[PDB]
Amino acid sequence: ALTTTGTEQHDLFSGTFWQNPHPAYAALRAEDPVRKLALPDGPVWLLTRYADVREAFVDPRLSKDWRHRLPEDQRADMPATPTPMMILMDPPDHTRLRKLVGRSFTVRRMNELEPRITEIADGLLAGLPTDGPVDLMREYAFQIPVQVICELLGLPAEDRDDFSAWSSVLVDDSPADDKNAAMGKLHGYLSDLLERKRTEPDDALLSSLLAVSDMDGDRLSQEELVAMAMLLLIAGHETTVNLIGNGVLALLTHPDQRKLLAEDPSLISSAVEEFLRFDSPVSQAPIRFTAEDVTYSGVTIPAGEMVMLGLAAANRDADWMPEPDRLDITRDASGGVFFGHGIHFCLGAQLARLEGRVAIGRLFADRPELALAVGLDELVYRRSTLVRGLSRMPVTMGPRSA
């Protein structure tokens, strides 16, 4: 299996890496900042230094067009995308689709979700037991973003178990065939759902976008519409959940920071920016492809290569953040690559921040005696090149505050 080269040998994407990748990231940054990883499905490069990562995000030679893997002899007949989502596109199609959906994620709109997000969180908290076993992932961290995305999009509650299962397969280490099947089932479900919405619209986002598509199919094609729905659904199941889990865990393992939050609950938004930096939920950005040779930190990646931008790694770069391994919820936050950078910058950044401060803030306010029910070393993490996320989090809630 893979290990870091140089003075320190740490497992990479196997072994100890899943439990705590942060030492490996640091050894990469120090001694191998532009690393080719010989992974089972083919080699993938990894950039870990903050200055390289942030600039790479605005470097058009690092493209989302997967046809760059192919010799020119082979690109003509090939679709731009495995599924026409904007996160898999370059301009101009990316520009058009982002501009369109961005109109529904205005600052005013996301904030008026706060009362509802708070009811959802409060309802979940009221439903949790005082001392029997609780998996805080499945029972709280997962539930908030999923209910919110279902409500925002207009996804039937009764189908949640079906599409959450498809979503999870797509973001972890599942075989390529399993992912292809999951994507197929998700495409079909959402296509059938949109057909029903035509007949009976609602006021939620998928109906609104179906109407846009119906009125102007060059602005949004039917297939682009399904891919958009799929993207928003997956983002609603697999990101914010791990801000909540990782942020909760950070407070559970850092009594000093938990105390500062208890003493000034208004630190929560600064705290959320710090959780995003300290244990980034999207550990590596989804893959980019070199359209031509690129050079970062003295190392040239040839054209036709797959490249991950190491967000969890860059966000602990001491060249950017002093004392990057210290959790300090009081930092006046700026920069950061946890939501990406440039044209693909997280569409849901305001929504994730809101869900995060509500979920984490109300949790610690309601259950100020919350604690882990296992040792730190017994926590099991998901195997994913995309997310840093707990599989389960055994906790004891303790009594409700008075």
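Just count from 1 along the sequence shown to find any residue number.
As listed in the deposited structure, the average C-alpha B-factor of 369-377 and of 28-36 is greater for 369-377. As the entry records it, the average C-alpha temperature factor is higher for 165-173, out of 165-173 and 300-308.
In this entry, the residue among 215, 252, 244, 148 with the greatest C-alpha B factor is 215. The entry lists C-alpha B-factors for 153, 183, 329, 141, and the highest of these is at 183. Ranked by C-alpha B-factor against the other modelled residues of its chain, residue 333 falls in the highest third. Compared with the other modelled residues of the chain, the Cα B-factor recorded for residue 201 ranks in the highest third. Residue-level temperature factors show residue 236 in the middle third of its chain, judged at the C-alpha atom.
In the PDB entry, residue 106 places in the highest third of its chain by CA B-factor. Placement of the Cα temperature factor of residue 188 within the chain: highest third of the modelled residues, per the deposited record.
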